[PDB]
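*Asks:* everything below, folded, please.
(chains A, B, C, D, E and F, ligands or ions: 3)
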Amino acid sequence: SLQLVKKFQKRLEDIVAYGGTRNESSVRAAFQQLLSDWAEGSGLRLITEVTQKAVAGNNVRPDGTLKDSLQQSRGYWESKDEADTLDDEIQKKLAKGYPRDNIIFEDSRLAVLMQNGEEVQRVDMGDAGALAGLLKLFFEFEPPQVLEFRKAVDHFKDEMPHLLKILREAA
Amino acid sequence: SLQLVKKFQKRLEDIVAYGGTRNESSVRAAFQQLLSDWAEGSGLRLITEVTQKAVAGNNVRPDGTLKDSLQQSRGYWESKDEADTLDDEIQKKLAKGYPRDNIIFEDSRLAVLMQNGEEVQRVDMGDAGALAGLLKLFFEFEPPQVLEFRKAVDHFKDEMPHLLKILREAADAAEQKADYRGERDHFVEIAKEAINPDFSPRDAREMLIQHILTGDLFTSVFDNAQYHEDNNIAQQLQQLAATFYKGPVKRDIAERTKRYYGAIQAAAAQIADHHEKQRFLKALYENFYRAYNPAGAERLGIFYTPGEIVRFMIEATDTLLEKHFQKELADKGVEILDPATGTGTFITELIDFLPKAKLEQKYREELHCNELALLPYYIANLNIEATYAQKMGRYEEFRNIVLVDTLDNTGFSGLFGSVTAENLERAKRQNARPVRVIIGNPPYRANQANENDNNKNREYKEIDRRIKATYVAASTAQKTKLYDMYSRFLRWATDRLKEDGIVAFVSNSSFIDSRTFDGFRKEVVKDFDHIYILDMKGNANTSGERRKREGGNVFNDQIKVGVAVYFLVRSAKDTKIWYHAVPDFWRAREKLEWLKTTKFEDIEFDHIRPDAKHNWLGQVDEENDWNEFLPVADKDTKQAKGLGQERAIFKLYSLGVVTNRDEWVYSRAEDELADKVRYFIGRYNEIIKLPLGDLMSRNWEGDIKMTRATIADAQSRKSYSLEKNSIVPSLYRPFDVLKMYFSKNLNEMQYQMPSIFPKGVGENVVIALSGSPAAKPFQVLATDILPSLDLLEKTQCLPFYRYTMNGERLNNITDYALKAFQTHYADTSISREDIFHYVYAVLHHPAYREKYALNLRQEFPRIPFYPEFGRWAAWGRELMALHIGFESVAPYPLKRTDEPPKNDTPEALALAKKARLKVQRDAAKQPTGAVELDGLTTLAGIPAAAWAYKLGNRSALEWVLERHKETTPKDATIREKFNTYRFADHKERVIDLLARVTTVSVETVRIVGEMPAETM
DNA sequence: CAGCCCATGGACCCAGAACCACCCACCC
DNA sequence: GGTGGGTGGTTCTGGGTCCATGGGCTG
DNA sequence: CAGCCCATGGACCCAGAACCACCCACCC
DNA sequence: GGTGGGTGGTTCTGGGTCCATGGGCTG
Ligand SMILES: C[S@@+](CC[C@H](N)C(=O)[O-])C[C@H]1O[C@@H](n2cnc3c(N)ncnc32)[C@H](O)[C@@H]1O
Ligand SMILES: [Ca+2]
Ligand SMILES: [Ca+2]
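*Replies:* Numbering: from 1, shown residues only, chains lettered A, B, ... in the order given. Ligands and ions are numbered 1, 2, ... in the order given. There you are, the coordinates:
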């Protein structure tokens, strides 16, 4: 919701004001709550710091992983410190094998979504309408499983005549 | 394999020869057919020109995709023309979106395999061996789904406790419906005559929770819902479950257990090989019992057999069937039975071994099985039925599995297996079958761990009567542990095999070298004609260098007992005992890889020739003059006051006091002990006033350690009372003088010690020694305080005096000894006290301990007549002084250094006053001469020689440190109420003892080094 | 003949430590 | 910009007990 | 009453037609 | 090395019939 994005924008201000620190560890709670509360309405849950074995045998631990009810990863998130070049730091993490299926790399001021290994959208987190749009894409990404399910439903239609032969013979 | 790659090369040359074209479209049919035929053997199939959407949305079409039965791609192949650059073409195709998960970029000349996005192997297609390797890797690549299933199986193990909570609550809410109680009462009474005479409603709720849990996963993960519908035993238990598990009750349980079943179902649905999914059956089996009934898992035995052992045991029974009975496992007439199926691993791997041509007949009337528990029965029947279905295409129900106690069904008239009627028929048919191979992993369990568990092994009258009349009768051992569940299965086997055949079992390897198994080693060579033992070591109940030599358990290091794969063949000279032991210091992996890569024929066995004491290994040398005196003999001890069979140095000998409740009877302080005993006597007195029903069924709260003796006198309503003159000092471990309550009421066996040290406090000196058969090195230590059975291994104390009933200290050194010594040395000066000190010295002599080592390990230490005598009894007067008065020897100068706590937090001090008592060692694991006592005090300056007074596998100093560490009491009551030992209160006393014992150690090492370098 | 001595070997498991990933303070 | 350190996770690795309980004795 | 007249709107499907993908032949 | 056929698959896309069957005559 835009209301959820607007509360993140306030939470972030308070963390740097009531806390005095702009360290990523302290400021990440604002987006963690945004992602967690959006997910609670979409039938998913953001589980934080879950380790995933990368393709190079190494283990990578993103700041958060969106997980379904079958404990299946549907999305990822890695926050950085605003005191860095997001673009440069995205490359370092992606070269250590950080997943590139549906990942939101996010410094406190700018958010990047890389769905299917390609940057779908880069927004500014000061704009509520823009972040809400980028988050919608991330939360509504169609994983390969649902596309394979659709493909097999289409094969079942053409293979129905042949299944009904076996069942007719039985009767 | 090689054959197919050779045909590939034969086709490639003939396509360019008979066709005169090098175009990819024509030369690709060679590799297409190589891959297609290799795939047909691996259960996959190469489909050609299958389109696939790439990430960027470009439909890419490789030259072929490897597909499984679930129509899922598990590999790809793209051939190019040889008139090109493979690396350049790979790069361009990859950039078009070509998958890199598992792809063979083929060129008529060379082929590269890019697995996981990275080149793994590039070979030349002109090599029949290199292409065979590349293709093996392509057709055995583990897809992402296989790895994500193994992750899910591991997580289900940890969530099984929580899942069984939902199911337990359900079975409890069923005990309110009278329909359930009525059916349960019918089941308990039909299972009290079929399974266990003591089947209880608690056992029935277990079988229900098993039927429910497995009747959900069989329909979800394994997709065999029909199994439960058609299984004979499942229909009897659905009749008890359909009294409650239905409608909204089932819907509620299903919605709360879906969070524990969701992940495995997701991953399992993408796996087609039953061989991969069978790891879940193995995990449900083991973990269910660990989380629900951890005690019943001990009774039944719930450990699966690593497949490597079962495959070796199947291959070897075949080599041995040919060599002795000129038959084969596949031949008609060879009926195989698995007495304890478990997960059915033995019968599933036999299905894989036997060829498809004979499998049908083998499956319908030759392979037989038995099981006692429901979850194992269900898991096995499904495993066996699905291995046949995957191999032979069609599904046939296995009708040769019975739910029966193998040892109870010895009807070769009982209602054993009368759970249902088809079960009873299967039991009677199996009894009549002519079994020739009995293969399996018998349950092993010698005794219960503590008497407070009330989990004693069941008694089997028929089988136990056979063991007493055969194995136990032939044994000369005082304690028979031949009633182990594995020796009961070994008796049953020798009896089920009525004519000729093999009994291939993997069991505890005590039979090869254990005093209790003397009678088995005598009887088994009469029943069998060829015995082939293969020791896999693994005994973790050992310590020190032995533990290191034993190595890892071939059972994935999950058990601590020694294991041996043995094959006992009876055909129709003398029995040939062949033996091969796995190398020492091997890890479990190394031991299991050997079994997978070795054939029975290649193994080099050694002909064991049993000795007259029926020992197969550890046979002593005979060229020695070991017939030299005798410290003590069972005859001298039981001599009937005639001084005619007094043929040993000492007359009476005794084992140290065993209490059976060491945590309740021994304490570092007198006050703490009196308080601990007070609680015991108090709670016992409340137990003796209970209904006879509760008394006889041991139905009391177990807050005190009740042993056989106590349980007997609590049913005899006897009343204990605190006699306060029973707290006496006692050497518990070397250089560890605790205090003990010496009462015949609270000490199980005081042995003959009420004669050595009467009333616990008495005047005597005992040369304590290790007993036989010893596992730790020979150890001898003199004491003036009551010893314990575990001061040294099976401590056998030899006293100097002997107190008669209300009598004098009759000298225990015999007159035969005195006269013999006064004769060899020819000096009547020799007195009994000189002989006492002579014996001590000889037993400390290093060369005697080395030469007669195997003798010392199996007998009472016989004493040589060393030339001098004077010098020896002198050395032994010094040794005994240091050892007995170790509390008075000069403290060696040790430098104490003290450091302050890290911070000033109250908790730092507390954490730093905790005992560490560790020998600071260097990188060569050799002592640096310092001991970190606690986080603050550190003593240093210990000489290196002081680490060599090794009493056992631990040095004297390491013994003092170990027996002063703050170790949590195993007993719960003592842990909660009587745990008041803080090293802080004993730090100064330890600083003193460590110094005194440093002197004892360096002095002993010196005296022992002055002794000669040769033994008479 | 029922107490009373005499063995004898046992179907794991869990604390140190290494080392690794990540981020924050700390130099640099 | 590493670097060490704070914190939490993830593999390995090493290393070892009191005490049940049948049988023989035995007065 | 059966035996003539008179309406009146209908729960798809499929042949081209691109247009790709791949690759042999054909120039270049 | 592009470049146009050759071959096969993979998406759109455009574009449109005779004839059931009740009710009203009708003689
Ligand atoms: C440790 S498992 C044997 C392992 C199995 N052979 C394997 O390879 O997977 C022992 C099994 O024997 C079964 N069993 C069958 N009859 C038995 C009997 N009479 N006594 C004890 N266990 C018995 C138990 O239910 C238990 O599951
Ligand atoms: Ca982060
Ligand atoms: Ca190709």
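*Asks:* longest helix in chain A, please.
*Replies:* helix A:144-170 (DSSP state H).
*Asks:* same for that helix, what does it pack against?
*Replies:* Contact here means 3 or more CB pairs under 8 Å, 6 or more residues apart in numbering or on different chains; DSSP states H and E; on that basis helix A:144-170 packs against no helix or strand. C-beta here means a position set from N, CA and C on the backbone, and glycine is covered the same way.
*Asks:* ok, stretch A:82-91 near ligand 2 or not?
*Replies:* No - on the criterion CB under 5 Å from the ion, stretch A:82-91 is out of touch with ligand 2, staying 9.3 Å away.
*Asks:* contacting residues for the closest residue to ligand 3 within chain A?
*Replies:* Ranked by CB to the ion, the top residue of chain A for proximity to ligand 3 is residue A:151, at 24.2 Å. Residue A:151 makes no contacts at all, as judged by CB atoms under 8 Å, 6 or more residues apart in numbering or on different chains.
*Asks:* distance-wise, check it relative to residue B:73.
*Replies:* According to CB to CB, to the nearest Å, residue A:151 and residue B:73 sit 12 Å apart.
*Asks:* what's the host helix or strand of residue A:91 in contact with?
*Replies:* Element membership for residue A:91, per DSSP states H and E: helix A:86-95. With CB under 8 Å, 6+ apart as the test, helix A:86-95 has contacts from A:60, A:78, A:80, A:100, A:105, A:106, A:107, A:110, A:112, A:114.
*Asks:* quick one: buried ones out of these?
*Replies:* Among the contacts of helix A:86-95, those buried by neighbour count (16 or more other CB atoms under 10 Å in any protein chain shown) are A:60, A:78, A:80, A:100, A:105, A:106, A:107, A:110, A:112, A:114.
*Asks:* quick one: which two of the residues you listed are the most distant?
*Replies:* Of all pairs drawn from the buried ones among the contacts of helix A:86-95, the one with the longest distance (CB to CB) is A:60 and A:110, at 21.9 Å.
*Asks:* about what we covered before: if we look at the following helix or strand past the helix holding residue A:91, which residues are touching it?
*Replies:* Toward the C-terminus, helix A:86-95 is succeeded by strand A:102-106 as the next helix or strand (DSSP H and E). Strand A:102-106 has contacts (CB under 8 Å, 6+ apart) with A:31, A:35, A:62, A:66, A:74-80, A:86, A:89-90, A:93, A:111-115, A:125, A:134-135, A:138, A:141, A:143.
*Asks:* and strand A:102-106, how far from the chain's centre?
*Replies:* Per CA atoms, centre = their mean, to the nearest Å, the displacement of strand A:102-106 from the mean C-alpha position of its chain is 6 Å.
*Asks:* how about it, does it reach DNA strand C?
*Replies:* No - using CB under 7 Å from any atom of the strand, we find that strand A:102-106 stays clear of DNA strand C, coming within 11.0 Å at best.
*Asks:* that strand pairs with which strands?
*Replies:* strand A:73-79 (parallel), strand A:110-115 (antiparallel) (DSSP bridges).
*Asks:* which of those strands sits closest to DNA strand F?
*Replies:* Of all the strands paired with strand A:102-106, strand A:110-115 sits nearest to DNA strand F, with 20.2 Å by CB to the nearest atom of the strand.
*Asks:* that's all I had, so thanks and see you.
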